[PDB]
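None of the figures in this text is laboratory data; all of them are computed from the coordinates on show. Note that we place each Cβ from the backbone using ideal geometry, even for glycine, and neighbour counts take in every protein chain shown.
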Amino acid sequence: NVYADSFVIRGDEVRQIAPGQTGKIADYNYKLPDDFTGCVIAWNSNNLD
Amino acid sequence: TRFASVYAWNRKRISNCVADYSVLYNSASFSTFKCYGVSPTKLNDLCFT
């Protein structure tokens with residue numbers, strides 16, 4: 001039961017992708033459960049966007 | 001306008017007000033945020049002294 005999600009956010013807003021957090025990205029846009037099982041990956045794409 | 005130096009810092013007292021930090025979502029963008037002894041998701045139901 002594998003799945004993948006994709007989106008684009010700002011630079012200093014990547015610390016809010018984690019269980020138990022507060023902010024404008026974890027309150028109105030995207031939220032994660034408490035008992036998560038998976039991995040999170042990010043990289044810089046300044047040259048293509 | 002201006003801030004102090006490290007070797008001689010500043011201290012200010014706050015009292016008799018209501019704390020609604022959602023007003024900072026528009027402009028401020030913080031790169032660091034850590035809290036000790038409390039949980040970020042429980043900060044809207046308490047009273048501080």
#### Entry: Descending principal axes extents, chain A, alpha-carbon based, whole Å
35, 28, 15
#### Entry: Per-residue ³J(HN,Hα) for region B:5-14, Karplus 6.51 cos²θ - 1.76 cosθ + 1.60, θ = phi - 60°, Hz, x for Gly and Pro
9, 5, 6, 9, 8, 9, 8, 9, 9, 10
### Message
Given points 7 Å out from each Cα along the Cα-Cβ axis, report the A:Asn47 to A:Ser6 separation in nanometres with one decimal.
### Response
1.9
## Note on the structure
Per 10 angstrom bin, beginning at 0 and ending with the bin that holds the maximum distance, the Cα pairs of the protein assembly as shown fall in percents of 9, 33, 33, 18, 7, 1
### Task
Provide the descending list of Cα extents for chain B along its principal axes, expressed in whole angstroms.
35, 26, 22
### Message
Compute, for chain B, the length of the dipole vector about the Cα centre, with Cβ point charges of +1 (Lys, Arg) and -1 (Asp, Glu) only. Units Debye, rounded to 20.
### Response
280
### Query
How crowded by other chains is B:31-42, given as the mean number of beta carbons from other chains within 10 Å of each beta carbon?
2
### Query
Using the per-residue mean of other Cβ atoms lying within 10 Å as a proxy for protection, in what order, highest first, do the peptides A:12-25, A:34-47 fall?
A:12-25, A:34-47
### Message
Just to check I understand the Karplus step: with θ = phi - 60° and J = 6.51 cos²θ - 1.76 cosθ + 1.60, what whole-Hz values come out for region A:35-46, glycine and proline as x?
### Response
9, 8, 8, x, 9, 10, 9, 8, 7, 8, 10, 5
#### Entry: Label-to-label distance, nm, for residues given as B:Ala19 and A:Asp34 (7 Å Cα→Cβ offset)
2.2
